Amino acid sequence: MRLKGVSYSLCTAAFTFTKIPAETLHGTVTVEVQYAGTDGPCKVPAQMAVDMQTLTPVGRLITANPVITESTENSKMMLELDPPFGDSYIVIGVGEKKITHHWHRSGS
């Protein structure tokens, strides 16, 4: 992963989806979020998960620079994830403010 986001540290405020997450022709998922915080620049926590209690990462994050570079509120960013097959969950953010969206990918 890029050091750029790591040195920013993780974004702490709440994210919100801006539109329904959309499948690509490759079966990956593109999901856009809006960030409520003013602590940018910061790194967007973004993963797929099947177990909401362990939050063990499944699939992978494709986005090369998953960051919010603006310090003004309500900035948007697009994440792209490679989901596992079957049912899973998009998980954006960390802690009590994280948001989730169910996802299903066929061809297990």
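Residue numbers run from 1 along the displayed sequence.
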Out of 97-105 and 3-11, which one has CA B-factors that are higher on average in the deposited record?
-> 3-11
Report the stretch with the higher mean CA temperature factor, choosing between 16-24 and 87-95 on the basis of the entry.
-> 87-95
Looking only at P57, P45, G37, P41, the Cα with the top B-factor belongs to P57
Given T72, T69, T30, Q53, the residue at which the Cα B factor reaches its maximum = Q53
